[PDB]
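Below, each chain spelled out in residue letters.
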Amino acid sequence: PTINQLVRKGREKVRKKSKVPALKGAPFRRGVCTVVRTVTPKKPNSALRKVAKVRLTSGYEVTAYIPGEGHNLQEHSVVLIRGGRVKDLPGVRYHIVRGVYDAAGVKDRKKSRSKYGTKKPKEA
Amino acid sequence: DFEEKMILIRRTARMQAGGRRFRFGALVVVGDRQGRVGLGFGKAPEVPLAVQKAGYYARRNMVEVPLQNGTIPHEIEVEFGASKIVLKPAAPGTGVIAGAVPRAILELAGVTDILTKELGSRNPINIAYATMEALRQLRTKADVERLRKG
Amino acid sequence: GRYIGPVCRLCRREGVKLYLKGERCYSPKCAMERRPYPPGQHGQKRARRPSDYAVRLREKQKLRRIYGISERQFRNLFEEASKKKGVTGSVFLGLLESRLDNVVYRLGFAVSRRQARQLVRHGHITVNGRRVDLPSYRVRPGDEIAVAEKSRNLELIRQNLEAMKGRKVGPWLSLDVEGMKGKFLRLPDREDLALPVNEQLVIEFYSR
Amino acid sequence: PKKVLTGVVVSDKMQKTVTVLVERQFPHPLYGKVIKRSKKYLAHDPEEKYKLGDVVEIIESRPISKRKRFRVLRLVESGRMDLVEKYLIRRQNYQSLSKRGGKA
Amino acid sequence: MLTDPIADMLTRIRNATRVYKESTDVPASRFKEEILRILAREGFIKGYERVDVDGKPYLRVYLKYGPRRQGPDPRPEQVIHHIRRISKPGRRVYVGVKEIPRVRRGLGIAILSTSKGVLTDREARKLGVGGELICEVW
Amino acid sequence: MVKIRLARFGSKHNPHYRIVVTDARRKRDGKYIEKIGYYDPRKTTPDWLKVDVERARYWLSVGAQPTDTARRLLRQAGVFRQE
RNA sequence: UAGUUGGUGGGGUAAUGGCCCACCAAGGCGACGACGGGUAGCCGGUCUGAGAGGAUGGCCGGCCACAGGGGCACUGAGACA
RNA sequence: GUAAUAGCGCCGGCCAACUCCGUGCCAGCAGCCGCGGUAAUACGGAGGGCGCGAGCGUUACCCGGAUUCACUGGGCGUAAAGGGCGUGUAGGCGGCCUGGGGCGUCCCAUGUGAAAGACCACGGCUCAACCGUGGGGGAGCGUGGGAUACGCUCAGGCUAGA
């Protein structure tokens, strides 16, 4: 583009699109469980991914992954969503925070406990 | 004498019936850290023969870097393919501030203080050639004065 | 809290001797004696061609573990030595050698850098009279670094200042083994230090 | 200093007032080339002296009306519609580029 | 039409040198002659001289090159490795005496046009003045 | 009413005032009209009170009304001593 | 687009002024973006960046606006408080 | 006057840190590429290791890397990109010589350009963070004076464009 053109029209600044309408552009959002289904993976992967429809306080109704060996989520259990998709589950854009509200932490988690919200086991 | 740094070695494949058939390519820098650097790209059916071939190739084709107190005489920008390399002289204590490929050369080159920048295509192999060319083009108030005598 | 944990293991990981214990690190036991390979279940296995990162990483870790300093503090010194005029590389080392706790070590009061850190900490040190218990305290040129009177009688201090008889001192220092005093003459230069370090790579590492 | 400006009278259609078209130049803050913008000032002409085509010097004054803070200090050079033309011709292209389109 | 006489000249020169012409003509203009004056003084061109082509005034520009070289492509290194127009119509470029660039770390020059005449960046800085940044040579 | 007073500029437990010429109505730490001195309550250094008596006298020359404590410091730097 | 743009006379103010009023003129603005919709308090600075630039303006300081929402004046040097 | 809180993340590549066991496209991991269907440095534990340390790691958001809106600093034969072609308005740009003007442009002086911050120096709190003092740099605009090569304008001339 000629200098005179740049003067006329000028460059247009690029605009990024969110990948987590956890609305309020908040760090976390709490919602209520609706369905504690279990989806199946995509392309190659196979298994029974534990998922959950959630009615957020942000007005949105979303699907969230439930990390951990085993959970305790039910129909109307209150939960906290943290954002983070799951490559295999098309449609799941947030993870559920374990150890908050109704989602109990993972039992027998002796490692990456910070995630899977499990307290420090007292070594006998 | 010549120190020998290896920039990158890749596996590269080819096709025949029955399957793939690989070769290895190795980019190697060679320098005395005194003002002599050579770049060589050697390919061979085996990693070692490759490095060795490169080493040998680098040793032939050396460049004389007009160092001045561990830094360079002036800034040059050089494009090679879609790779653009930018060199700017620095005071002492600055360090060799550049991405690997560029650095590795600049070090054996004997440089010890520079400001660098890779622009455009960042293909190590092309950024390498780009660097070497940039070094070749360096000139000194001497050479310049010499060039404009007549 | 600066590290505090097995230390002859760092000596080993850097595959180079580190005097993180003053004495012993001589008596055939710095471990770097008949066991200079890195710690752990893999130490004896063959090492692979390190990455440019690995090299710059290892170099910094060395220069740093030598002064038992935290990355946090280490980094700030570096960014300080980067702004100030003069070859960053050496200027950086100058500042590292100006730590009161280092000087004490340099002047023989303490056997190690750790020990010196404590002597400074537990008050057993002086700087132009006024006592200073800040290991990160920056000693300037023209400062007397004496041992605390009350401590001049301390068993520890008498041993070290004893064996210190004869032992020469850095050309940027000087000490009166009598009144257990010493002076910081000038900022040491890169040549003054026989550091198994290549600040070249340390600067480059903070370049990334 | 009460600001003084120079422009052309592109309009004599009002009573005791004239429209002076002051031109201005300067370097683009980012691309540096010298660009040239322009603004119209309504200046007070009591004597109804100044006519269409006159180049005049405008002077910062005390408000005379809303949208009118300048008085015709003086005449620099009379008659020269070559300028009024640009201004009018430009107004003429406006007469389009909407749902139809400006001539040429 | 001939949109930029000055740029036309730098190009004629860039073009001729690339094929190693000895001479090279460019329509004469006071201003263009002023520039050539520097080109010579700074040692970029053997020199130049007024001449008449087809009856009209021109300036012969005597090009200069390095010596013959070794290995393949014995073509001489150019004395004028570079020469780019800067201020151009519809994008004029002026600089204060504090903004006069330092071309090629000093090994190259920059020709300005000041109310004190056409000078090189060093000359300008001396006389402490600025002005339209005609070009850059090195 | 224009005053000559102190302006807190220290920090917690490390107060450092600025003998200032401001309008009575501003925040104490707000925008002043001019600085004319400074005061270190704890004399932490040999130089704990500068005053530029030249300027003060000017301000008083036209209605500047000093806080009591400000006046007491201005007196120390002999802004009033009329010998 | 009609107090809308200018004019003449006048009101009001500490004071200029369509600020307000009577009468007169026909106008004024727009693609150099009027009018309308949306968003927003704005700013020394701050973050980042080799720089150019990008992003930002909560704490602190400067200005503006508001005071449960809307409108209004009184008293005063000063408030529409 | 007593030897006297430690933790958190990570160890397939990017990226510094590897072995055994359990599991068997499951249970799970996942930022991207991807990993798990009986030898898994990629899942879970353990041992060992790397990083950082009243911390460590996650989520959210902004900038850098991104010369990925390119003024610095990009492009349009075939990768995304020449308008289907012309005529021409506004606008952008402008052959050779001389003279006037001095609008752009350049210079000088002067006024303004807050404080805080940024930079350098010295100083205060045991250091530092923080804070104090001093100095330097910094566009823009007002005013007076000056220059006239280039751009503009005016007058005149010529012809290399038309």
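The numbering shown runs from 1 along each chain in the order of its written sequence and may not match that of the entry; residues for which no coordinates exist are omitted. Numbering of ligands from 1 and lettering of chains from A proceed in the order in which they are written. In this view the chains form part of a larger assembly, and all numbers refer to the visible part. The side-chain figures draw on all heavy atoms in the structure; neither hydrogens nor water molecules are used.

As stated in the entry header, the method of structure determination is X-ray crystallography and the reported resolution is 9.5 Å.

Quick look at the overall build of chain B now. Under the DSSP-based scheme used, a helix requires at least four consecutive residues in state H or I and a strand at least two consecutive residues in state E, with every element numbered from the N terminus. Secondary structure assignment for chain B yields four helices and ten strands. Ordered by position in the sequence, the α and β elements of chain B form the string β-β-β-β-β-α-β-β-β-β-α-β-α-α. Each of the three principal axes of chain B carries a C-alpha extent, and together these read 65 × 40 × 35 Å. Note on exposure labels: buried denotes an accessible area under 20% of the residue type's maximum, exposed denotes more than 50%, and partly exposed covers the range between, all computed with a 1.4 Å probe on protein chains only. Burial statistics for chain B: of 150 residues in total, 47% are counted as buried. Note on definitions: a residue-residue contact is assigned when non-hydrogen atoms from the two residues lie within 4.5 Å. Of the contacts formed within chain B by residues at least 6 apart in sequence, a portion of 58% connects residues at least 24 apart. Taken as a whole, chain B presents about 7,500 Å² of accessible surface, with 49% of it coming from carbon and sulfur. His is not counted, nor are the chain ends; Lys and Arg add positive charge and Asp and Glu add negative charge. To locate a charge, take atom NZ for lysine, CZ for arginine, CG for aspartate or CD for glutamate. Across chain B, the mean location of the 24 positive side-chain charges is 8 Å away from that of the 15 negative side-chain charges. Values of accessible area rely on a 1.4 Å probe in the Shrake-Rupley scheme; residue burial ignores everything except the protein chains shown.

All names here are of chain D. By the criterion of burial, strand β4 (residues 55–60) is predominantly enclosed, with five of the six residues buried. Should DSSP find at least two bridges between two strands, the strands are regarded as paired. Pairing of strand β1 (residues 4–11) with β4, which is carried by five bridges, proceeds in the antiparallel orientation. Along β4, the bridge assignment pairs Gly7 with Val56. As defined by bridge partners, β4 adjoins strand β5 (residues 70–77) across six bridges and the pair is classed as antiparallel. Bridge assignment links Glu60 to a residue of β5, and that residue is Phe70.

Residue and element names in this part refer to chain B. Lines fitted to C-alpha atoms define the axes, with helix axes restricted to the stretch in contact, and inter-axis angles between N-to-C directions lie between 0 and 180 degrees. Here helix α2 (residues 100–108) crosses helix α3 (residues 124–137) at 35°, and the two axes come no closer than 9 Å. The hand of the α2/α3 crossing is right-handed. Of α3, the residues touching α2 (which contributes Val101, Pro102, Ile105 and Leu106) are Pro124, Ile127, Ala128, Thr131, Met132 and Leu135. Residues belonging to the contact of α2 with α3 are distributed by class as follows: nine nonpolar, one polar and no charged. By the definition used in this description, the sense in which the near helix is turned from the far one sets the handedness, with an anticlockwise turn below a right angle giving left-handed and a clockwise turn giving right-handed. Note that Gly is not counted as nonpolar here; it falls among the polar residues with everything else outside the nonpolar set of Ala, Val, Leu, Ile, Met, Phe, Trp, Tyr, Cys and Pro and the charged set of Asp, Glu, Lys and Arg.

This part is about the protein's contact with RNA strand G. Around RNA strand G, a shell composed of 24 residues is seen, among which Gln15(D), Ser65(D), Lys66(D), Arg90(D) and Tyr94(D) lie nearest. Only heavy atoms are used to decide nearness, and a residue is near a molecule or strand if one of them lies within 4 Å of it. Considering RNA strand G, the proportion of its atoms within 4 Å of the protein that are sugar or phosphate atoms stands at 83%. Contacts described as polar in this section are N or O atom pairs within 3.5 Å, which, within protein, must combine one atom able to donate a hydrogen with one able to accept it, while residues neighboring in sequence count only if both atoms come from side chains. Taking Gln15(D), its main chain carries an N or O atom lying 2.5 Å from a sugar or linking oxygen of RNA strand G. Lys27(F) has a polar side-chain atom sitting 2.6 Å from a phosphate oxygen of RNA strand G. The set of elements that each furnish at least two residues to the surface near RNA strand G consists of β3 (34–44) and α1 (81–94) of chain D. Taken together, the residues of the surface near RNA strand G sort by class into six nonpolar, seven polar and eleven charged.

Taken in spatial order, the four strands make up an open sheet running β3-β2-β1-β6 (chain F), and their pairing is mixed. Unpaired on one side and paired on the other, β3 (34–35) and β6 (65–66) of chain F mark the two borders of the sheet.

Taken together, the four residues of chain E in the interface contact four residues of chain D. Here the quantity called buried area is the total loss of accessible area, with a 1.4 Å probe, experienced by two parts when brought into contact, counted for both. The largest per-residue losses of area from chain E upon contact with chain D belong to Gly90(E), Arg91(E) and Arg92(E), which jointly make up 88% of the total buried on that side. Here a salt bridge means any side-chain nitrogen of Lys or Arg lying within 4 Å of a carboxyl oxygen belonging to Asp or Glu. Applying the counting criterion to the chain E and chain D interface returns zero salt bridges. Summed over the shared surface of chain E and chain D, the number is two residue pairs in polar contact. Broken down by class, the residue content of the side of chain E that touches chain D amounts to one nonpolar, one polar and two charged.

Let us now look at the protein's contact with RNA strand H. Near RNA strand H lie 114 residues; those nearest to it are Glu69(A), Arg122(B), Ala104(D), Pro89(E) and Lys35(F). When atoms of RNA strand H within 4 Å of the protein are split into backbone and base, the sugar-phosphate part holds 72%. Here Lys87(A) contributes a side-chain N or O atom positioned 3.4 Å from a phosphate oxygen of RNA strand H. One nitrogen or oxygen atom from the side chain of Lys3(D) is found 2.9 Å from a phosphate oxygen belonging to RNA strand H. Among the elements that take part in the surface near RNA strand H, helix α2 (residues 52–65) of chain C stands out by supplying six residues, more than any other. Looking at the surface near RNA strand H residue by residue, the class counts come to 39 nonpolar, 32 polar and 43 charged.

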